[PDB]
Amino acid sequence: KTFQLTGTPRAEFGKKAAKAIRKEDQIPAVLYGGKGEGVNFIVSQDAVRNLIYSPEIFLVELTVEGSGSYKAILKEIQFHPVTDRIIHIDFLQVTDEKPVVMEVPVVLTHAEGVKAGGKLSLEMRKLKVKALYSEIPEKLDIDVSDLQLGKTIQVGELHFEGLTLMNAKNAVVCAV
Amino acid sequence: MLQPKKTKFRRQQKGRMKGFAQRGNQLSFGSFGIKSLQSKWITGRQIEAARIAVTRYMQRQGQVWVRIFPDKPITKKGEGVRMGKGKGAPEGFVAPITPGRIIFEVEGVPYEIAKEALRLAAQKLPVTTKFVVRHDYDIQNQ
Amino acid sequence: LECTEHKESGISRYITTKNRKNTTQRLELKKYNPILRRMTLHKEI
Amino acid sequence: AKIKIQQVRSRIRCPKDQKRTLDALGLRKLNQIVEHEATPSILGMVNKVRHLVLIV
Amino acid sequence: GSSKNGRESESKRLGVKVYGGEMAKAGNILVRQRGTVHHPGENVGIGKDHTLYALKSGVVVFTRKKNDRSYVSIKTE
Amino acid sequence: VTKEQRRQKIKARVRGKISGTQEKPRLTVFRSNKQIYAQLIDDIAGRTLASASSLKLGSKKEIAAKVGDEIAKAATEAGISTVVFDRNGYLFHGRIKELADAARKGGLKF
RNA sequence: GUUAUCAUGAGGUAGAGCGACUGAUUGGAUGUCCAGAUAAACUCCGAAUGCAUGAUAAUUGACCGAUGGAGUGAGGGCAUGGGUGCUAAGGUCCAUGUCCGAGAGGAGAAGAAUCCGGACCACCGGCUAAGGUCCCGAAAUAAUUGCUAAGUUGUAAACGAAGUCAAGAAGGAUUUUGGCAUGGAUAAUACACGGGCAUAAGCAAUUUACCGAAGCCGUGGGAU
RNA sequence: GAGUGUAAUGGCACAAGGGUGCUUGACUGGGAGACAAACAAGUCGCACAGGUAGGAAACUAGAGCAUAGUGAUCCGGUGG
RNA sequence: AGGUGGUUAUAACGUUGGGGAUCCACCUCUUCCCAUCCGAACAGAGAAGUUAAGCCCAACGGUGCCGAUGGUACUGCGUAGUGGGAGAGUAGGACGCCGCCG
Ligand SMILES: [K+]
Ligand SMILES: [K+]
Ligand SMILES: [Mg+2]
Ligand SMILES: [Mg+2]
Ligand SMILES: [Mg+2]
Ligand SMILES: [Mg+2]
Ligand SMILES: [Mg+2]
Ligand SMILES: [Mg+2]
Ligand SMILES: [Mg+2]
Ligand SMILES: [Mg+2]
Ligand SMILES: [Mg+2]
Ligand SMILES: [Mg+2]
Ligand SMILES: [Mg+2]
Ligand SMILES: [Mg+2]
Ligand SMILES: [Mg+2]
Ligand SMILES: [Mg+2]
Ligand code: NA
Ligand code: NA
Ligand code: NA
Ligand code: NA
């Protein structure tokens, strides 16, 4: 649920500065949210390798050197069109003042009855949730022990915790 | 064959493919795909041959997406016809693509089967390609 | 069916067109007579 | 407050705009040196033909 | 083997003739346009073909207003 | 469609040609259900030069004459003539005509 | 007149976008909605350059009027933006530059327009450009650090095997991005690094000195 | 997202789109100044004098939302 | 609680409440000026009645509108360098700001 990240200060900006940064296998990155301007800094490909390339989600505990320490979540990753390599990241600062929308994995935790035959199908892999950062689950369990025939559990027909299902209600989260 | 149901114009000027693809370079539907490393016109016959090949693999369990549609009309003059006197006889439609554009998306199969199924499809295509896995994928749950 | 018209009454003349199958009566419009320096009726000829 | 400019590359096969800029600087021959006041108007002329001149 | 095309008409040399900032004499043509791509403002008149022309001598001013509508006017003294 | 969208439509049609300068100031009238008002306006300046009304002053058409005359005296002192009369989305009739007629009959070329 | 700088102005191209229009379009839940996506004759947007005007600066003077005399009105190559053609042609048709035409000298073995460079005349003087410094052939068998084993080199692809070097990743095996090599590689009078030949005299990098033109300078002599 | 007689494009809400009342400015004498431009040709537009139409007035009107609907000279006809 | 301007909606639209001293309005009737099949509109004649609605005030980020920084696309010159730098999206902003008269 938590990740440790640190980064060096970034001063120069533009086409020349960014291209030289990635020549050292670094990534330009910014952090912004709520009060105060943004922070420009540099992280490394090794440092963020397990933050992004992973089926898990974490609340990044970010320590930008020379500026301070904050808490953040992943907001936007910029990938190269051909190499598929990371070229830019922006982290949204999270606080305990107002909720924030994020998408958590949903897990279809046995299957209902004999089941219609190897179906047990997870359709909606992620669900948008807005809440305080310290109320967001690491996972969204579901128990499935009803209507082994043709059935579907919708997004609206579920209540987990002090969450808020903004994930496009009246949709389908599982079927068969 | 994949072609528009109708068009506003019958002929079209041959354009110019310039840079890397900025749209459709990321997987949205499946977990595995193939992406182009060259710029080229892709014909409907090429696409049908590749799609049949990838669908033949994976038996009957999985879904395949074609993420390009040929909407560009092309012509050809023919033998014994000199230069000039207007445009030639119609010859179907092609889809122009640039490096980075994803062609075939696959989901519903384990990692090894998907890798092999899209290798057979990429061998019917005029461009060299590259296998891509979505970065949120889990190797320990398939 | 749109022909030239010449409205009359030195003498004062105005040249214009009209549809001879739509306007079948002779044109009669008040125009400015330069010779008299006042408006008079000009009829088609 | 002055500045000396030398021509080091030929003007053959250069665009007419670059050929005319060298004339506005007074340069008509290779290795010839000219002296000017370093004002923003003169500096924009050198910057336009920077691949052809040297500051000495 | 033939083309059913090959036709074209002469271009009309339309567009802005006196730009914002320049000086105009009365009668000078300012814009040739189809329709009112530009609109007549103060001291500017419009002809039959929507030609914009100067009624008085002065300085040409362009000005955008509500709904990005452009007006052309002459600033006298 | 609501007694005002049409009036604003007619207002802007009249204002397409009628304005006010230091000379020939604009004469503007507003008609309420019970009262009637007038104002002399300098559009280039944006400020009102003179005014009259019947709030503190016969049928309604018989009272528009006094408003149409009291606006003349106010402009007579300030040195105004040859004003331009705008309808303000009002048909030229009834009370509004009497106000215009009184202004013309006095010292203004309304 | 030109070029630069500053000020002022109008754009609808490149790009982008498509619940902003028109046309086209993928998958889902089900006309409603969630994602995905396209265009010379689509546009809610929108540069870089270019263009117009004024002022200042520089500029061998390059611009204009009047009037005497012409030639030309078969163009061509290259780079960039395009149409056409087959994203063929030493093809064809436009636009912007440039050179050949009407241009010699130097490098490229030998090439109209590729790279360097605009020849007033003379010289048994000097400095350089592009490109070079083992011999034919002027100048380093120069210095230092790696790579290649194929004579690759010193002047082609889909697809194989990974031959080898460097830096990583997951956890002896797998793999990723780089560098150089290897197979794929192919006709007819006898063949090619120009040749000799070289394991560096090949490739990559840094450094110094030197060679190198009708370029520049020096000396003498003319012309407009 | 309609319409604007007629292709396409640009324009149009104070509508240039749709109605009615009255009218003939689809005027006589005109062309400061510009656009465009091999020439021949083409395009937009005055100032004011005379006399009108609509309007309470201010004001507008030298044909039409704009851009196609065309043909030199020579030689003849008609009215002054 | 009105009239009339300037500012290209950050100004608009909307939602939920409050308002009748005087004003604005709805309101009552068509003999007259004038009008359409109809006093619905337009016009005239009044104050018998109401705040219900328009209108104005408060609060609201709901629909529209504005919108960074960074990164990217593209591009002038030039043969990797040297200058310019979007669109989309994201943080956010915003329930106007100013004049004159009564
Ligand atoms: K060679
Ligand atoms: K030397
Ligand atoms: Mg044209
Ligand atoms: Mg484009
Ligand atoms: Mg596109
Ligand atoms: Mg000829
Ligand atoms: Mg010719
Ligand atoms: Mg040729
Ligand atoms: Mg071509
Ligand atoms: Mg030829
Ligand atoms: Mg030449
Ligand atoms: Mg030697
Ligand atoms: Mg032979
Ligand atoms: Mg010489
Ligand atoms: Mg003239
Ligand atoms: Mg920016
Ligand atoms: Na043509
Ligand atoms: Na679309
Ligand atoms: Na560049
Ligand atoms: Na932007």
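Just the heavy atoms: all of them, side chains too, but no hydrogens, waters or symmetry mates, feed the values below. Just so it is clear: chains get the letters A, B, ... in the order the sequence lines come, proteins before strands, and each one is counted from 1.
Using a 4.0 Å heavy-atom criterion, one finds that B:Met83 contacts the bases of the nucleic acid, with or without backbone contacts as well. Here E:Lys25 lies in heavy-atom contact (under 4.0 Å) with sugar-phosphate atoms only. Note on E:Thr36: a base of the nucleic acid sits closer than 4.0 angstrom, heavy atoms only. Note on B:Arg101: only backbone sugar-phosphate atoms sit closer than 4.0 angstrom, heavy atoms only; bases stay farther off. In this structure, F:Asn33 reaches the bases: a heavy-atom distance under 4.0 Å links it to at least one base atom across the strands shown.
In this structure, F:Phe92 has its ring center under 6.0 Å from that of F:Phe85.
Stacking is not found between B:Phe69 and the pyrimidine-like six-membered ring of the G:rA24 base under the 5.5 Å centre-distance and 30° plane-angle cut-offs. Using a 5.5 Å limit on the distance between ring centres and a 30° limit on the angle between planes, the aromatic ring of B:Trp65 does not count as stacked on the six-membered base ring of G:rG27.
Side-chain N/O atoms of F:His93 and base N/O atoms of I:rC34 include no donor-acceptor pair closer than 3.5 Å. Side-chain to base pairing of A:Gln78 with I:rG71: one donor and one acceptor N or O lie within less than 3.5 Å of each other. With hydrogens and angles ignored, no donor-acceptor pair closer than 3.5 Å exists between the side chain of B:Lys6 and the base of G:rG23.
The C1' atoms of I:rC32 and I:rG44 are separated by 7 Å, rounded to the nearest whole Å. Nucleotides H:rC14 and H:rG42 place their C1' atoms 35 Å apart, quoted to the nearest Å.
Residue order along RNA chain I, read from the 5' end via each residue's closest nucleotide, puts A:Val30 first among B:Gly19 and A:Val30. Between F:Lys17 and E:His39, the one whose closest nucleotide on RNA chain H sits nearer the 5' end is E:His39. Of the two residues near RNA chain H, C:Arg38 and E:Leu30, the one whose nearest nucleotide lies more 5' is E:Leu30.
Between I:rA9 and I:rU90 there is no base pair of the Watson-Crick or G-U wobble kind with both of its two distances under 3.5 Å. Entry note: H:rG29 and H:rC48 meet the pairing test, Watson-Crick or G-U wobble at under 3.5 angstrom for both distances. A canonical Watson-Crick or G-U wobble pair links G:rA16 to G:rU43, with each of its two hydrogen-bond distances shorter than 3.5 Å. Taken together, H:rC35 and H:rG42 meet the test for a Watson-Crick or G-U wobble pair: both N-N or N-O distances fall under 3.5 Å. The base of G:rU174 engages G:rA169 as a Watson-Crick or G-U wobble partner, both distances under 3.5 Å. With both atom-pair distances required to fall under 3.5 Å, no Watson-Crick or G-U wobble pair links G:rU32 to G:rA79. Pairing status of I:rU82 against I:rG54: not a Watson-Crick or G-U wobble pair with both distances under 3.5 Å.
A stacking criterion of 5.5 Å and 30° is not met by the six-membered base rings of adjacent nucleotides I:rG85 and I:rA86. Consecutive bases H:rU4 and H:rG5 are counted as unstacked, their six-membered rings not meeting the limits of centres under 5.5 Å apart and planes tilted under 30°. Between G:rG23 and its strand neighbour G:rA24 the base rings stack, satisfying centres under 5.5 Å and planes under 30°.
Base orientation of G:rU25: syn (glycosidic angle within 90° of 0).
For F:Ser51 and F:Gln39, the side-chain atoms include no donor-acceptor pair closer than 3.5 Å.
With hydrogens and angles disregarded, no donor-acceptor distance shorter than 3.5 Å links the side chain of B:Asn25 to the backbone of A:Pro81.
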